[PDB]
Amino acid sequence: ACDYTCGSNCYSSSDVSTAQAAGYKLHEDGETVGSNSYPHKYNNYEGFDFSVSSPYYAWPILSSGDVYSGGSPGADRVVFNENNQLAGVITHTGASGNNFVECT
């Protein structure tokens, strides 16, 4: 079973932890990757009810299992905070325009 389902993509907690660790590492070191410069500060305009405090950052999580290293980021993102706490997993899939909806 999927711990997180983003549209048609299935993610286990381990996939999320791996992606989060990569994203947080870059944030701590002060570096970015990709033309869109990830990780991105995430403002949470959607108003998701995260149980952890902001600031938030979004980092791509890939359905292929690989860690994002540039190129097409897909539609899914892991959101973590300044303290390296998981806020949630979100996706553009099933959302209008460039908005996000939470993965189930």
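For every residue, the number given is its place in the sequence shown, counted from 1.
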* 52 to 60 versus 72 to 80 - which carries the larger mean C-alpha B factor in the record -> 52 to 60
* **Mean C-alpha B-factor comparison - 24 to 32 and 43 to 51, higher one** => 43 to 51
* Check where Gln85 lands among this chain's C-alpha B-factors and tell me if it's the lowest, middle or highest third. => highest
* Using the B-factor values recorded in the entry, state whether the Cα atom of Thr5 falls in the lowest, middle or highest third among the modelled residues of its chain. => lowest
